[PDB]
Protein chains: 2
Amino acid sequence: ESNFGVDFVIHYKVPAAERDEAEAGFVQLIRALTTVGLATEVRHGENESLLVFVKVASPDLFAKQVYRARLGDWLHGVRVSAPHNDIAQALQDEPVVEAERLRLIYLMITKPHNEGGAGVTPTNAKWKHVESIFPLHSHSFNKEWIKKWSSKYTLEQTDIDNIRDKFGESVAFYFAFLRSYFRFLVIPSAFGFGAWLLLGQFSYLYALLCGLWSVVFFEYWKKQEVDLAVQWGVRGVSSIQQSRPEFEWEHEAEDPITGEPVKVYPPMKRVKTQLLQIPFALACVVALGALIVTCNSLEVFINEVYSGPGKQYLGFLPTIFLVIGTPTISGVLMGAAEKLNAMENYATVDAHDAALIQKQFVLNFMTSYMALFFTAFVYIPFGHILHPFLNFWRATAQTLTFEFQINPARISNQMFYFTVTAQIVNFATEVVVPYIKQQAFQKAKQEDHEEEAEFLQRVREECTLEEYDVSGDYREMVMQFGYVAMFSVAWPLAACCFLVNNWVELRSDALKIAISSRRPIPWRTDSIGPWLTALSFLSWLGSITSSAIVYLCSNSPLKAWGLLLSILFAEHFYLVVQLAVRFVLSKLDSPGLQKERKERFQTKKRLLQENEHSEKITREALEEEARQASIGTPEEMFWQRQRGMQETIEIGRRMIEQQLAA
Amino acid sequence: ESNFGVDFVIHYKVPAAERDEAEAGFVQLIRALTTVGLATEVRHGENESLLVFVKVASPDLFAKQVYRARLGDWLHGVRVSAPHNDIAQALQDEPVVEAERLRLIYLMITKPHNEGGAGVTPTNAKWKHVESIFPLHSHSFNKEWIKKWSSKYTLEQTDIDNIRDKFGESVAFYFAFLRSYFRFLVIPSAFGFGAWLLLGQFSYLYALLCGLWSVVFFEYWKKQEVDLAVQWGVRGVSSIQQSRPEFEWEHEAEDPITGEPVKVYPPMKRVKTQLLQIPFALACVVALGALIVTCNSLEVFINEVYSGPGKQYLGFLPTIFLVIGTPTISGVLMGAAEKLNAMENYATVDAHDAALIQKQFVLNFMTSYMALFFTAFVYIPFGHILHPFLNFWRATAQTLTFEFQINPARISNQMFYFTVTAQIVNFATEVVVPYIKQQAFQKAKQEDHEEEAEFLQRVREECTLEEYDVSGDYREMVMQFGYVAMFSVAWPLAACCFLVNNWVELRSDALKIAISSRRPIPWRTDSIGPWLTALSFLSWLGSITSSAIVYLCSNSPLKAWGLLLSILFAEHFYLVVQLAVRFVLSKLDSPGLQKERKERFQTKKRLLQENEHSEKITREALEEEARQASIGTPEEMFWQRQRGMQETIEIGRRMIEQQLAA
Ligand SMILES: [Ca+2]
Ligand SMILES: [Ca+2]
Ligand SMILES: [Ca+2]
Ligand SMILES: [Ca+2]
């Protein structure tokens, strides 16, 4: 239940074929790891692996790296005040949290020789036998965290701060976003329950309220996010960039900002592959569109038209079949997007991650909302263009076995099906399936001087677990917010159902980092990043889509000017409430920015405190008339008219007398 | 043609009734002015006035104030580097420009005793006899500037920098905005000429092009504006606030940011009068609306219907009468807005100016565009609601003297009339009328030891001139941009005509500061301020209004869905080109921000430069096992397994041998 002081573990898989080359790479690697000053020790692993364990040897060397990294943060404006010296007073002023500690150790093992560490990064360099580097878990803290999170009804800020301290700013920002999104989701849950009973099906007022809620949630999250970035000391990390190791470059250009000159990739090749990404997206659009029109037409055919052979559940099967088939096609599309993003060089890790989020968001947008879009904007207004598909299915079924009545309430059943079906299969695939797969591997598996067998056992089991990426849970929550933003007017209870899911999701991902995945390398982030852009786009499209859906599915016939007027009125109401909420949150005066600028002014004011009259006037005028006497003349005689101030007083008084006389 | 070294002039009008009280105020004032260290001298003026002239006595005291003010700028992040000391090396590094010199002198005469100067501000304090404080002109530089600006075809950057150096950042920002607006107005001038001959009347493509041009001009001006704010060293002055002297307060609260505590006004009274401002605006709306429907209905009646008694020019007179009557009603409305803004306390001068710009922009918006709005959106689509006004005018004219045929080409004549009529009456009222009024006063008017009569003559004539406010010329140019943004599709040549006007306006205001007004007190500004907000709002409304006008006045009948679709398509095209232009200007990498962050990093890197391995690992592990030997035990024995790195090397090699054997 306790680690042995291991800061980091390196796997170093050794293949049997490339044996002695891996031996040479291993000894060169451990020479690099003793060069950087980390105490290292080698242990056996499964499948010809040498799990090496690295910790800080000298706490003075570790505090030296701490001071250097804090200085590098302060040079780029991240830290408000400079660390003074390694007199141990720096650690006494601001203590090193475990997230910062493991981040600086990973920077010592990862950064190249110019920065101050060894480069062991496997993909670019000769260290191909290095499989992965990871920090261990603390099972006592893990059990205490999962018990305290399952016991609590809501989560305090100190739980998010503990998640920060032990897991990094990215995981902390995710759990803070989930907490704030749950506590803001409690509002349209209640109003959707109060608009499903009291108000009619497809109410306009719920659409306008959902637009208002989406705006105020997005802007309040942005304000809370910059407040948290002030509080954790991580504000401004988006400006400093981290170079990517997998970057390949042609030549090297001059230093733009700093002193050292950087490498460059000619961007025309990047624009070439970035225009290559577009036919892939169009092919995904037409493939998913053909699949969804095939499945939806077959579902409509066997449900409404073909009520002969085959029962009702035979009719209900293929849409459920599509929903279960959706993870695999989503997985191969995400793998294709990842390979295409790895195909293009991005010099910074931030631009690489942003392009990856953009591709994954486009793909998950299509595979999440294409069915509801083809239901709302195709099947309801003009389902006569899909009517020859019904004749095609009739003609195939007539040879196989030897009037449409389109209803506007099918979108409600489809939205309810997507909601409960997606959350059930998501909870199944998220936590249940990997846990029972780990139990199956434990049953499949069922020296070291008998002190560490229980420890090296859990280390070898932690080796096999995949690394936890927070982008997936961000993508799940952003897709859920898109559901609430643009399709909750179909099923007004769905937000309420999402509310319940969010509560267990706030524990479920808290379990998934706990026992189902290894500890992620703790990175620092300013914000959630591109998910702000995706969230704002989902809100803006949510207003238009909600009002277009409420007008069309409201249902002498539908007139075009009603649809256009409702869309324009909702979009302008969205812009108006956006300006109003931005104005109020501009006036609300969050405390962290205030305390930041106050402490900065106190620092510069300490630097400030680090740093008769008519006698002086008559003295400098005396030097002026002395310079006149040394040698133009009218201005000097003009200023020598009235040198003394009392002379000006009495001359002004007699001037007032002269103006009195005239 | 040369000043006598006078930094500033104070008028100090003395009324005959309040004589000795003004004498006591005068002597107390000159005691304050010799307390601050300024050499002062009193001269006669007209109408019982004592024009006092103040200059720097000690250049060391002046450089002391220079260093203190530069330090106060650097403490709030305005200056990138601190001024080191008054060793005269500060002036040798960065010289004091004349704008900064006169600004610091005006701060010495204006700021209260806590700041470091005397308070002589007339409105709040007992210094009611003080009329106005102003700096003098330099007639040689003024003549050289007006000759070089009339001779040039375009203006270089160095002319704007000379205007900066001698006149302050506000006047510099205005002339830079006018230059950039002229050089961007040359584009839709040419495209409007090429859309008036080639394309038809009311073309859609010109409306979309005008929207695109308005977006790219606004965003390019914002980028050029932050570049100029970097270059002049005035970036960030919008953050530091200047307290208003006319502020009246109830009590004093704590310090939010700084060390010294500030005074406060209870904001509920401010919200009370800010809700009072709204019935005034509604009354202005209904008054201007009744006036414009009366004038427009009478014009339509005497032109189209009443073609009997009275000629055609009798018919054309009342619209011209309204255009000439528009300055007086605009003047009384601006005076009412100024009195209402003076009624409300604003603690900072910036918030006071912003509220004043907001009120003046609303009023000038109504009195500028109400006629064109009632032409486009009332007279064209349904002019039958104004048809009983025609019967009312017929019934009055039938008793006075003892079928409508609405044409869509009246808006073109009205736009041409507004363009050429407004620019002609604007050039008349701007430069011609005050110059001939000054000539009339010179003919009406037609001691000091006969050295300064020509100088004190020009000083007494400069006393009578009104102070130059840049808000008026900002308002004129923003109204012109609004004309181009939302009504240029009516008359596509108008932008071209505006282009010609802008050229002479770039000299005309350059004459108006020259001979028709006194020198303004040089203030520093970060940006043009609220005119950015008014400009962006005018652009956004310009897209909608241009497309609605092109659809309605295009002209079986007008269908509502066509109007709504055209409005929605143009507004979405506006948002799309807004995102695209913001993306390109985010990628364009302006040089000034780069050089700023580079020089800041070089400063902090100079502060940075102000500030074996396995032996250390084995030494700290030796201390660790010594701490073990002094006295838990499994981790210590684990790390004492393989202390030496070469031991780990050979143990790893035999581990590879063991994995080879199994
Ligand atoms: Ca789940
Ligand atoms: Ca998740
Ligand atoms: Ca003019
Ligand atoms: Ca002007």
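Rules and cut-offs
Residues numbered from 1 in each chain as written, not as in the entry; some residues may be left out. Chains lettered and ligands numbered in written order. Heavy atoms only, no water. Donors = N, O, S within 2.8 Å, 3.2 Å for Na, K, Ca; no water. Tetrahedral: all angles 85-135°; square planar, octahedral: opposite > 155°, others 65-115°. Helix = DSSP H or I, 4+ residues; strand = E, 2+ residues; numbered from the N terminus. Buried < 20%, exposed > 50% of the residue type's maximum accessible area, 1.4 Å probe, protein only. Polar contact = N/O pair within 3.5 Å; in protein donor to acceptor, adjacent residues only side chain to side chain. Salt bridge = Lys/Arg side-chain N within 4 Å of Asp/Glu carboxyl O. Contact = heavy atoms within 4.5 Å. Buried area = accessible area lost by both parts, 1.4 Å probe. Nonpolar A, V, L, I, M, F, W, Y, C, P; charged D, E, K, R; others polar.

Trainee: Tell me about the coordination of the calcium ion (ligand 2), and name the residues and values.
Mentor: Around a metal, the idealised angle for a tetrahedral arrangement of four donor atoms is 109.5 degrees; for an octahedral arrangement of six donor atoms it is 90 or 180 degrees. All names here are of chain A. Around the calcium ion (ligand 2), the protein supplies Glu 430 (OE), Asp 473 (OD), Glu 476 (OE), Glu 505 (OE), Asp 509 (OD) and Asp 509 (OD) as donor atoms, at distances of 2.5 to 2.8 Å. Considering all six donor atoms around the calcium ion (ligand 2), the spread of angles at the metal, 48 to 162°, places the coordination shape in the irregular class. Between the calcium ion (ligand 2) and the calcium ion (ligand 1), a separation of 5.5 Å is found, and both are coordinated by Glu 430. With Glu 476 in helix α15 (residues 471-487) and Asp 509 in helix α16 (residues 494-512), this residue pair connects regions lying 33 residues apart in the sequence.

Trainee: Could you give an account of the coordination of the calcium ion (ligand 4), naming the residues involved and the relevant values?
Mentor: Residues and elements named next belong to chain B. For the calcium ion (ligand 4), the full set of protein donor atoms is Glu 430 (OE), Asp 473 (OD), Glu 476 (OE), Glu 505 (OE), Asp 509 (OD) and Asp 509 (OD), and the range of their distances to it is 2.5 to 2.8 Å. Coordination at the calcium ion (ligand 4) is irregular: its six donor atoms span angles of 48 to 162° at the metal. In this structure, the calcium ion (ligand 4) lies 5.5 Å from the calcium ion (ligand 3), and both are coordinated by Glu 430. Pair noted here: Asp 473 and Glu 476 are both in helix α15 (residues 471-487), with a separation of three residues, about one helical turn. Both residues of the pair, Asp 473 and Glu 476, belong to the buried class.

Trainee: Mind laying out the side chain of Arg 79 of chain B, listing which residues take part and the relevant values?
Mentor: Relative to the assigned elements, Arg 79 of chain B resides in the loop between α2 (59-75) and α3 (89-93). Within the structure, the side chain of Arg 79 of chain B is placed 3.4 Å from the backbone oxygen of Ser 81 of chain B, a separation counted as a polar contact.

Trainee: Hey, could you go over the pattern of salt bridges for me, with residue numbers and the actual values?
Mentor: Tallied over the entire structure, the rule returns 56 salt bridges over all chains. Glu 94 of chain A is paired through a salt bridge with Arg 79 of chain A; the nearest N and O atoms lie 2.4 Å apart. A residue pair is termed long-range when its members are at least 10 positions apart, and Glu 94 of chain A in the loop between α3 (89-93) and α4 (98-110) and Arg 79 of chain A in the loop between α2 (59-75) and α3 qualify at 15 residues. Residue classification places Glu 94 of chain A among the partly exposed positions, given a relative accessible area of 33%. Taking the shortest distance from any N to any O, the salt bridge between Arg 164 of chain A and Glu 169 of chain A comes out at 2.5 Å. There is no split in this pair, since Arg 164 of chain A and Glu 169 of chain A are both buried. The structure contains a network of salt bridges with shared partners spanning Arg 19 and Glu 23 of chain A together with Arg 653 and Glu 657 of chain B.

Trainee: Tell me about the environment of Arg 582 of chain B, residues and numbers included.
Mentor: Residues and elements named next belong to chain B. Relative to the assigned elements, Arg 582 resides in helix α18 (residues 560-587). The class for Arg 582 is partly exposed, based on a relative accessible area of 38%. Remark: the alpha-carbon pair of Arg 582 and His 572, spanning 10 residues in sequence, is separated by 15 Å.

Trainee: Got a sec to walk through the interface of chain B and chain A? Specific residues and values, please.
Mentor: Taken together, the contact pairs 84 residues of chain B with 84 residues of chain A. Both sides together, the interface formed by chain B and chain A hides about 8100 Å², and carbon and sulfur atoms give 66% of it. Counting the contacts that link chain B with chain A gives four salt bridges. Measuring nitrogen to oxygen at the nearest pair gives 2.6 Å for the salt bridge that ties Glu 657 of chain A to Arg 19 of chain B. Put simply, chain B and chain A have 14 residue pairs in polar contact between them. Within the side of chain B that touches chain A, the residues separate by chemical class into 40 nonpolar, 25 polar and 19 charged.

These figures capture arrangement, not role.
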